[PDB]
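As structure tokens, one chain now follows by itself in the form deposited in one PDB entry.
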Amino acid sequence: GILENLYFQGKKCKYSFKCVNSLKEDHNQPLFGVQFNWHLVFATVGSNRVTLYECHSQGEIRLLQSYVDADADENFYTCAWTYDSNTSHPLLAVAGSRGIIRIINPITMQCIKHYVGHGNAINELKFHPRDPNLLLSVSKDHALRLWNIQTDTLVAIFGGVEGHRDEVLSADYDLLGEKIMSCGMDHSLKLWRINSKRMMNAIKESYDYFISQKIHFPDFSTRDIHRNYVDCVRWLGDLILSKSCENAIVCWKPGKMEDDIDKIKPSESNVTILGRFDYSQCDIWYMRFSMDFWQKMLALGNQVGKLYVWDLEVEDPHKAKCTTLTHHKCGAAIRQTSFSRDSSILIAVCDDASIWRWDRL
């Protein structure tokens, strides 16, 4: 007790960041997304633009190239990075209000292919952590869709009888990509196992190319975590982090305290809430939080330009865990943050088209 506190305090050199740079995008429209390539370079999405930037020494943010959609009415809400499974060259998927996924070559910032589900707004994209070809999209039409971008096939549609009853806003794969947790405007969080016999066969068939699987039932469902819509969800090992508009990110897990995630049945009625990360003034819809590659840091921006950064490695609920980052010129809603794979740079993007670079010192 005393010994472990003396050890924690003695070494303590708390997460500290300093704003080194800031930019404003000429379009003046909100930036909804930002992602560093984890496969130095980051992409931003907003309006009908996808902009590629590179971080340099002396806190410089360098504009590289931009993809401008021919449809000026397109509003991209999300982007995700992958790589070509053969050439190892990077790829970027983007999507938004039109409901079209564009696969962009970031070297030349050109769309090389595109996919359409039912043409409904796409709220988030995520690539499978083990298969660079498997792309998950979540939609305003209440479904999640799994695409094979190597064979251009829609592997599966997650939705139906027991699928989401309203817009799906976010989803995340676990570390091995055996399961997906999704959340949305119907206030629920649903687990979908993609290592089931049915999904393993659908993925194999997709690689032999199409008849898509329609997965009507999740492997777990809950509306017991939040009393309002859930706009962001991420896996934290075998635990889940999710948030609503109640100024808290909730850490939880399906079942009772001792229940193993792989033994949870669809009929499971219990949820264990381990704790919350509290903050203020972030009660507007569609504000994402993010973690670094190694999942040791959690960050969320609020509707007034304040950034919150929590240390996930402090297990003691009493100890200092939260660092707040402000800049007098950053007064707009921070919609998403992204950490560099090295976890030394944190970028925040805003409603007034501004980009904020924070360097970890």
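Only residues modelled in both forms are compared. In this text, rigid core is short for the largest set of C-alphas that superpose within 1.5 Å between two forms. The numbering used is simple: start at 1 and walk along the sequence shown.
Unmodelled deposited residues between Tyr209 and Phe210: 4 to 9, per the record. In this entry, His39 is separated from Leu40 by 4 to 9 residues of the deposited sequence that have no coordinates. Two stretches are in play, 239 to 247 and 82 to 90, and the higher mean C-alpha B-factor belongs to 82 to 90. Stretches compared: 342 to 350, 10 to 18. Higher mean C-alpha B-factor in the entry: 10 to 18. If you compare the C-alpha temperature factors of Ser221, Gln150, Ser97, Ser139 in the entry, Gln150 comes out highest. Between the residues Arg198, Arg165, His216, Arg227, the entry's highest C-alpha temperature factor is the one at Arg227. Remark: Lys319 belongs to the highest third of its chain, ranked by C-alpha B-factor as recorded. Ranked by Cα temperature factor within the chain, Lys263 sits in the highest third according to the deposited record.
Among all modelled residues in this chain, the alpha-carbon of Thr108 has a temperature factor (C-alpha) in the highest third.
For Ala332, the recorded CA temperature factor ranks within the middle third of the chain's modelled residues. The deposited CA B-factor of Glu124 belongs to the lowest third of values across its chain.
Below: the form solved in complex with a partner chain, not depicted.
Although the partner is absent here, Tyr67 sits close enough that one of its heavy atoms falls within 4.5 Å of its partner chain in the bound PDB entry. Using a 4.5 angstroms limit between non-hydrogen atoms, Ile264 is distant from its partner chain in the bound PDB entry. Residue contact with its partner chain in the bound PDB entry: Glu205 places no heavy atom within 4.5 Å of it. Contact between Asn133 and its partner chain in the bound PDB entry is not found at the 4.5 Å heavy atom cutoff. The single contact residue among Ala80, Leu191, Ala248, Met109, judged by any heavy atom lying within 4.5 Å of its partner chain in the bound PDB entry, is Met109.
Comparing the two forms between the shown form and the other one on the rigid core, the single residue of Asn195, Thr272, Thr108, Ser269 with a CA shift of 2 Å or greater is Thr108. Comparing the forms between the shown form and the other one on their rigid core, the Cα displacement of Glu60 stays under 2 Å. Relative to the superposed rigid core, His318 undergoes a CA displacement of at least 2 Å between the shown form and the other one. Compared with the form shown here, the Cα atoms of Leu52 and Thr108 sit 3 Å or more farther apart in the bound PDB entry.
If you compare C-alpha positions, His318 and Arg276 are 3 angstroms or more closer together in the bound PDB entry than in the form on display.
Core-superposed comparison between the shown form and the other one: runs of at least three consecutive shared residues with Cα shifts of 2 Å or more are located at 107 to 110, 316 to 320.
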